[PDB]
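Heads up: the sequence lines are chains R, P, W, Q, T, U and S, in that order. Throughout the first sequence, residue numbering follows the deposited numbering, covering 1 to 32 in sequence. Throughout the second sequence, residue numbering follows the deposited numbering, covering 10 to 379 in sequence. Throughout the third sequence, residue numbering follows the deposited numbering, covering 3 to 59 in sequence. Throughout the fourth sequence, residue numbering follows the deposited numbering, covering 2 to 240 in sequence. Throughout the fifth sequence, residue numbering follows the deposited numbering, covering 2 to 75 in sequence. Throughout the sixth sequence, residue numbering follows the deposited numbering, covering 13 to 77 in sequence. Throughout the seventh sequence, residue numbering follows the deposited numbering, covering 12 to 109 in sequence. Cβ atoms here follow ideal geometry from the backbone N, Cα and C, with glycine treated the same way. This report concerns only the one structure given below.
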Amino acid sequence: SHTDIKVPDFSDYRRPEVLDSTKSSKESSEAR
Amino acid sequence: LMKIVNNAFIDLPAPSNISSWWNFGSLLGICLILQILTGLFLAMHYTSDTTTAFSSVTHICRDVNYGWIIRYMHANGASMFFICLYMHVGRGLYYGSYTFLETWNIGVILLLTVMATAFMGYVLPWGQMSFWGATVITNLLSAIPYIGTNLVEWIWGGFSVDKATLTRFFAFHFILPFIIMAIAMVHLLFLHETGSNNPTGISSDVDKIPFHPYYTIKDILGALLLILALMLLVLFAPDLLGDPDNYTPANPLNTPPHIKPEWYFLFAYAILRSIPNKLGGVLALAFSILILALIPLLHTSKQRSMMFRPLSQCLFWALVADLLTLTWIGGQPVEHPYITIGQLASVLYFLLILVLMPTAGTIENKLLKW
Amino acid sequence: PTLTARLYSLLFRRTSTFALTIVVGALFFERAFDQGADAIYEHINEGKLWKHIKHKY
Amino acid sequence: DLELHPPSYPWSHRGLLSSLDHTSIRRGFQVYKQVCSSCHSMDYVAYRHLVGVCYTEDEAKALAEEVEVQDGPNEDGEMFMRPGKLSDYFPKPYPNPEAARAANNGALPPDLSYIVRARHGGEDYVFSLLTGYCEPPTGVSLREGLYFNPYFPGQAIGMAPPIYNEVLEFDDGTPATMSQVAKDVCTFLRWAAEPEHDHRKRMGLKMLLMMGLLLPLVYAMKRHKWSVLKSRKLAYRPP
Amino acid sequence: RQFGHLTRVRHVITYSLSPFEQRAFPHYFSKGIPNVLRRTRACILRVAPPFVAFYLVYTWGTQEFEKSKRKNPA
Amino acid sequence: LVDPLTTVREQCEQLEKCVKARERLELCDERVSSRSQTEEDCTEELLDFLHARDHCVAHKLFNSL
Amino acid sequence: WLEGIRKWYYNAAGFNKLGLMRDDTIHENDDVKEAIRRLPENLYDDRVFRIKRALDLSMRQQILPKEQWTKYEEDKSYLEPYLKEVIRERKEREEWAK
Ligand code: HEC
Ligand code: HEM
Ligand code: HEM
Ligand SMILES: Cc1nc(CO)c(-c2ccc(Oc3cccc(OC(F)(F)F)c3)cc2)c(O)c1Cl
Numbered sequence: 001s002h003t004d005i006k007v008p009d010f011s012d013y014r015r016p017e018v019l020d021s022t023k024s025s026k027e028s029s030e031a032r
Numbered sequence: 010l011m012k013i014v015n016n017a018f019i020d021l022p023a024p025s026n027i028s029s030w031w032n033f034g035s036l037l038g039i040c041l042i043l044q045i046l047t048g049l050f051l052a053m054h055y056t057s058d059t060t061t062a063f064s065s066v067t068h069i070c071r072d073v074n075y076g077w078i079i080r081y082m083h084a085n086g087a088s089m090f091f092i093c094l095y096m097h098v099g100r101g102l103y104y105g106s107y108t109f110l111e112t113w114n115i116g117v118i119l120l121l122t123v124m125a126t127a128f129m130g131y132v133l134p135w136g137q138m139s140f141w142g143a144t145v146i147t148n149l150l151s152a153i154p155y156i157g158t159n160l161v162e163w164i165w166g167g168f169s170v171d172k173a174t175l176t177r178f179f180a181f182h183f184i185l186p187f188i189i190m191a192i193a194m195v196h197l198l199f200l201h202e203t204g205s206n207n208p209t210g211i212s213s214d215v216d217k218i219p220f221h222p223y224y225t226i227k228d229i230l231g232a233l234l235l236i237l238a239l240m241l242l243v244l245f246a247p248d249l250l251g252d253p254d255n256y257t258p259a260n261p262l263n264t265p266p267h268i269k270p271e272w273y274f275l276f277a278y279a280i281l282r283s284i285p286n287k288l289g290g291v292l293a294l295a296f297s298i299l300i301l302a303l304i305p306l307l308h309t310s311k312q313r314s315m316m317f318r319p320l321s322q323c324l325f326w327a328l329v330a331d332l333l334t335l336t337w338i339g340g341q342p343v344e345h346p347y348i349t350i351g352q353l354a355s356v357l358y359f360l361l362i363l364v365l366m367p368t369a370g371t372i373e374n375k376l377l378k379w
Numbered sequence: 003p004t005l006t007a008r009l010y011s012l013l014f015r016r017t018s019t020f021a022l023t024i025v026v027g028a029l030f031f032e033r034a035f036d037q038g039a040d041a042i043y044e045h046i047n048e049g050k051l052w053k054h055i056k057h058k059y
Numbered sequence: 002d003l004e005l006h007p008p009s010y011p012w013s014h015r016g017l018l019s020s021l022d023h024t025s026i027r028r029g030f031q032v033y034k035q036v037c038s039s040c041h042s043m044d045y046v047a048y049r050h051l052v053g054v055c056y057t058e059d060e061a062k063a064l065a066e067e068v069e070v071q072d073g074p075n076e077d078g079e080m081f082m083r084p085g086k087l088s089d090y091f092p093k094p095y096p097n098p099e100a101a102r103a104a105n106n107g108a109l110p111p112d113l114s115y116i117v118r119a120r121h122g123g124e125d126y127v128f129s130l131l132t133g134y135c136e137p138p139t140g141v142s143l144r145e146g147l148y149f150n151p152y153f154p155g156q157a158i159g160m161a162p163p164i165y166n167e168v169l170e171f172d173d174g175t176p177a178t179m180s181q182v183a184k185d186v187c188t189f190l191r192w193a194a195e196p197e198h199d200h201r202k203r204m205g206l207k208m209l210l211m212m213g214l215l216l217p218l219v220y221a222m223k224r225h226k227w228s229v230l231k232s233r234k235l236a237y238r239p240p
Numbered sequence: 002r003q004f005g006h007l008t009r010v011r012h013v014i015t016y017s018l019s020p021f022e023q024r025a026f027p028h029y030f031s032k033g034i035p036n037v038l039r040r041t042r043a044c045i046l047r048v049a050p051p052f053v054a055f056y057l058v059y060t061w062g063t064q065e066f067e068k069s070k071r072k073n074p075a
Numbered sequence: 013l014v015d016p017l018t019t020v021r022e023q024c025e026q027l028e029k030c031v032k033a034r035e036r037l038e039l040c041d042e043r044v045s046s047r048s049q050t051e052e053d054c055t056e057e058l059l060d061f062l063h064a065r066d067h068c069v070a071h072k073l074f075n076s077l
Numbered sequence: 012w013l014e015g016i017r018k019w020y021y022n023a024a025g026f027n028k029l030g031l032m033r034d035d036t037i038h039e040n041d042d043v044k045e046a047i048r049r050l051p052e053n054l055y056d057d058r059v060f061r062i063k064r065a066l067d068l069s070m071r072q073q074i075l076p077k078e079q080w081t082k083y084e085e086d087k088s089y090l091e092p093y094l095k096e097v098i099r100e101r102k103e104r105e106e107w108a109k
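This is how it looks when you write it as structure tokens:
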């Protein structure tokens with residue numbers, strides 16, 4: 001159902017600054 | 010509030026699977042404005058009289074502050090115009106857009122408007138090919154019976170080209186692009202009731218998207234390459250396409266050995282030149298163009314595109330060759346090696362359209378059982 | 003912060019500033035690009051231009 | 002019977018950023034005056050176009066003061082002659098074409114304003130025209146006045162040989178050989194049919210270093226927006 | 002015409018990302034150039050051969066034209 | 013006083029394509045001159061000599077000038 | 012021999028390289044819009060998704076891997092019953108008018 005849904009991983013496409021899911025945004029956002 | 014019409018140009022639904030081919034469909038909006046913009050400032054100094062015209066060109070090319078550019082942004086710009094067309098026209102064949110019957114027919118009348126405009130645009134400066142190029146093309150209408158001599162004299166203001174026949178064009182010529190500017194809006198209006206026509210041929214209504222961020226910049230990118238491939242000509246090779254003779258003043262008592270109008274007629278001029286008869290070759294010419302109106306009654310495949318018709322692909326690009334041949338074969342004089350090719354190639358043109366492109370879909374329907 | 007992020011929050015954030023930035027950069031850019039090409043054009047055509055034969059006459 | 006293609010000679014200006022050796026324009030102008038200007042009606046130029054290219058204001062103005070020009074309705078109701086000024090075009094040799102045909106063997110000198118761009122090959126033709134006068138071949142006979150030169154169509158021309166070694170002498174004193182003349186003149190004629198060559202290449206150059214610099218950035222700004230949809234996965238999750 | 006009454010969709014899901022959260026040109030060299038070839042192999046056969054033949058009729062058309070101007074032994 | 017050109021034409025008439033066409037020219041030359049009534053000429057062969065010549069004159073001549 | 016050619020043409024047209032079927036690519040007209048209106052939900056949405064991804068991949072000029080391609084034996088002719096039903100009514104509607 002709507003819980004079985006899942007988002008794929010665009011880590012083949014992202015910027016390097018954000019690949020680390022453990023980190024946060026907002027420290028490279030202003031640069032991005 | 011009338012801005013809401015630009016729902017057409019801002020919030021419009023259009024596909025997402027779109028090539029850079031359709032940029033060519035948009036550049037004419039730029040070329041048409043770019044040409045008029047140039048040509049207007051250009052025509053602040055032109056003169057519609059013989060004795061001063063050719064000087065009145067050189068009045069620009071020499072004395073005017075950066076007036077010399079505007080001749081060539083205009084002239085070669087008029088050629089980058091066509092280079093978009095004969096990719097834009099060949100498109101709908103290869104992607105099946107001619108099915109929009111209300112629109113394709115408009116795509117003719119724009120063309121004939123231009124191919125009678127650009128003609129007028131070559132003759133203004135009296136380049137010794139202007140005159141004879143005006144004579145050769147215009148004289149053909151004399152081939153008609155019982156009215157040919159009357160019309161051509163009527164448009165020659167007399168008995169041959171002279172001061173009057175110049176000025177009858179400079180006004181017929183400085184006006185029509187506006188008639189194109191208007192009819193172009195019609196050419197979009199019938200579209201807006203159906204929208205574009207994807208390469209596949211499928212109604213992509215499920216996957217239509219906006220237009221302000223996406224195809225805008227793409228069109229600019231398309232436009233940017235145009236200006237690039239227009240600045241190169243004017244800056245680095247303006248003498249390339251335009252025949253050199255057009256800098257010679259005009260004299261009816263001296264012809265050049267070789268005559269050809271500007272390069273872009275040549276797919277069509279050659280067709281006439283093939284036929285040794287006078288009249289019976291003419292009606293091939295006008296039919297060499299109006300045949301495009303005859304195509305939609307020859308759409309055989311219950312598919313639309315040619316992306317999914319590999320056989321017709323083999324015949325489509327084949328037609329491009331025959332054009333690229335007839336573009337060149339007319340550009341060369343009348344001698345036995347080439348005449349044997351025009352008798353073939355011109356027939357191939359009519360032949361590929363009216364026999365085999367239908368025949369493919371007649372087959373391809375049957376290879377797949379409908 | 004990188005230069006980029008320091009550049010963002012100063013200029014490229016407030017649109018009033020973002021237009022002020024561009025004319026500034028353009029106003030100076032006009033002063034460099036001309037000097038560049040005029041010298042490169044001078045350099046590649048060394049011994050050909052009028053200013054190179056401007057002292058004799 | 003045949004044409005003749007001149008070769009692809011080098012020049013000081015054949016490159017896509019190569020301008021004209023303005024020095025070479027200088028001596029070439031001397032040639033037009035001592036030699037050509039007795040029969041070549043160059044009308045679409047004036048001495049003022051020579052400023053900032055080959056001569057100065059005073060040196061060029063000296064040449065208009067040299068030759069007389071027909072100008073002015075006198076208050077008596079007549080016309081007279083005065084020394085030329087800068088604004089006057091080149092003194093035309095002959096008042097009309099016919100007298101030029103009568104002062105030759107019926108043939109007419111074409112103008113040299115735009116002859117280079119009006120003749121296939123331009124310089125290479127014109128250079129190899131003057132420097133292609135040769136004794137006729139076997140079996141060929143030619144009327145009086147005419148001469149032989151292969152490059153001209155028909156290989157039969159009413160062109161008296163205009164150049165010969167040390168037909169004149171230049172100012173700085175270079176070797177006035179038949180070739181060095183032919184360079185500086187052909188270098189001149191291109192300028193006649195192109196007073197914009199120097200500036201054509203400047204915007205000729207300024208273009209790329211904008212467009213070559215822009216065109217990627219746009220090509221990023223394109224890809225910056227489309228990247229939403231260059232990267233999109235779909236699905237189909239019915240019951 | 003506009004968005005809202007075009008046609009029907011049922012039970013379809015869309016996943017899309019900001020641009021800022023991703024590089025503009027990922028794998029431009031890596032995955033593209035093999036895709037250029039595969040794009041190319043699927044068109045080359047039914048695009049060239051006319052243009053190939055043109056190179057020959059631009060070839061023979063000039064050569065056979067050149068000869069005809071050269072004299073004959075007579 | 014000498015034209016720099018004639019020095020170069022002289023060096024080039026020794027070259028392969030130049031010499032060979034020169035030989036055909038003389039055979040055309042005798043073929044016609046030995047014949048009495050001919051609408052024929054060596055305008056044919058002369059050109060193949062010259063375009064072969066001027067190609068050498070091309071490559072270098074403005075080293076001197 | 013024939014049938015070795017239908018299977019080949021169907022591989023050269025391309026439209027097995029995009030997860031599509033044969034009925035998907037048909038020129039849309041009034042005769043066909045009738046049938047696509049007449050289809051059931053389970054098959055109709057199944058038409059949509061086949062198209063909706065082929066477009067996005069004709070955008071990129073990418074394709075599916077060789078495994079997910081379509082196979083000639085699986086080229087189901089799901090539309091033909093619903094279509095020929097129509098043109099029967101059309102010619103019944105015309106000849107009845109004459
Ligand atoms: C004797 C007067 C006279 C002299 C001096 C003269 N010209 Fe000529 N020029 C003519 C005439 C007469 C023709 C006619 C040629 C023809 O009818 O084909 C002509 C033709 C030409 C042409 C036309 C080429 C073509 O294809 O017909 C050029 C270019 C030219 N001259 C350049 C020059 C140059 C360069 C010089 C100086 C080296 C020069 N002229 C000196 C009278 C002259
Ligand atoms: C599709 C529209 C048009 C076409 C195809 C066209 C065609 C041409 C061409 C081919 C030339 C070449 C002359 C040369 O290169 O020397 C020319 C010149 C000229 N154009 Fe047009 N033209 C068009 C519209 C216009 C417009 C819109 C104007 C004015 C606003 C204009 C005014 C002129 C004038 C006065 C000349 C003489 C300049 C010259 O001959 O160089 N034309 N035109
Ligand atoms: C000044 C002349 C023209 C202008 C300004 C113009 C403008 C346009 C534009 C903006 C489009 C939408 C872009 C696109 O669909 O690719 C278009 C589409 C089209 N044009 Fe042109 N056009 C011109 C000439 C022509 C000509 C000569 C033809 C000849 C047949 C033609 C036929 C078409 C067709 C069939 C379409 C269909 C669009 C589609 O298939 O989605 N147009 N035109
Ligand atoms: C699919 C598609 N559709 C449309 C309009 O429906 C357009 C499109 C968008 C904007 C247009 O407006 C213009 C812009 C400049 C000149 C122009 O000429 C003019 F004004 F009619 F002379 C029209 C004209 C066409 C387009 O570029 C594409 Cl790709």
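Distance cut-off 7 Å: P:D228 Cβ against heavy atoms of ligand 4: yes
Q:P239 CB to nearest chain S CB: under 8 Å? yes
Boundaries of the beta strand (DSSP E) in which Q:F81 is found, first to last residue: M80 to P84
When we look at the beta-carbon of W:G49 and count the other beta-carbons within 10 Å, is it buried (16 or more) or exposed? exposed
If the cut-off is 8 Å on Cβ atoms, which residues from the region 194-226 of chain Q count as contacting chain T, listed in chain order? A221, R224, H225 and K226
Check whether the region 305-316 of chain P and the region 355-367 of chain P touch, using three or more Cβ-Cβ pairs below 8 Å as the test. yes
Compare the beta carbon distance of T:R47 and P:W326 with 8 Å and say whether it is the shorter of the two. yes
Where P:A327 falls: helix, strand or coil (DSSP): helix
Quick check on the burial criterion: 16 or more other C-beta atoms within 10 angstroms. Buried or exposed for Q:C135? exposed
Please name the residue, chosen from P:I189, P:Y131, P:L198 and P:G204, that lies closest to P:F178 on a Cα-to-Cα basis. P:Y131
Would you say R:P8 faces chain Q, with C-beta separation under 8 Å as the test? yes
Using a beta-carbon distance cut-off of less than 7 Å, what residues from the region 220-245 of chain P approach chain Q? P222, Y223, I226, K227, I229, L230, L233, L237, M240, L244 and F245
Alpha helix (DSSP H) segment containing P:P367, residue limits: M366 to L376
P:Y107: buried (16+ other C-beta within 10 angstroms of its C-beta) or exposed? buried
What residue range is occupied by the uninterrupted beta strand (DSSP E) comprising Q:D72? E69 to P74
What does the alpha-carbon distance come out to for the pair P:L49 and P:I188? 16 Å
Threshold first: 3 residues or longer. Then list the beta strand (DSSP E) segments lying entirely within the region 146-219 of chain P, N to C. none
For the 8 Å Cβ check, are there 3 or more pairs between the region 345-357 of chain P and the region 274-284 of chain P? yes
Determine the closest residue to Q:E66 out of Q:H50, Q:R83, Q:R15 and Q:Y165, with distance taken between C-alpha atoms. Q:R83
Listed by chain order, chain S residues near Q:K231 by CB distance under 7 Å: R71
Cβ closer than 8 Å: which chain Q residues qualify as neighbours of W:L51? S20, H23 and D199
Applying the 10 Å Cβ sphere with the 16-neighbour rule, what's the burial state of W:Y59? exposed
Span separating the alpha-carbon of U:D41 from that of U:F61: 13 Å
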